[PDB]
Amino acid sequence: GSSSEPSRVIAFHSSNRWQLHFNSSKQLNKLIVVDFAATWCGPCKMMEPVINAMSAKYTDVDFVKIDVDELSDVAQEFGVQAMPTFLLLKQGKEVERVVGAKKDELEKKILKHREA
């Protein structure tokens, strides 16, 4: 665990801990960005400063990080087939998805759903 820039990203390392966070979020009118990553994935690692900066800017959005090997059950539930995959959730439903290290597409999709 080390930091080179500010961040508001929360990593979940157990399926139970994710499921409880997800259940609490189901009832909230709040956007969640789920970053499905792998420790070995180059583009994931390149995006980390970009996502950290995004999470420090869009402080009204919840940013979550899930490893697809550690939580393979969660990744398979959402059909993740390549990394990084950013899943945008609101009130328990997927509203957008980004597949790949695509900063501008992600930012556009967040702004579309960050407010009512």
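For every residue, the number given is its place in the sequence shown, counted from 1.
Residue stretch of maximal mean CA temperature factor, 97-105 vs 20-28: Averaging CA B-factors over each stretch, the winner is 20-28.
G79 - Cα temperature factor, lowest/middle/highest third of chain: Tercile = middle for this residue's CA B-factor.
Third of the chain's Cα B-factor distribution that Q91 belongs to, per the entry: Its C-alpha B-factor belongs to the highest third of this chain's values.
Third of the chain, ranked by Cα B-factor, where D35 sits: For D35, the deposited C-alpha B-factor lands in the lowest third.
Third assignment of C44 from its chain's C-alpha B-factors: According to the entry, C44 has a C-alpha B-factor in the chain's lowest third.
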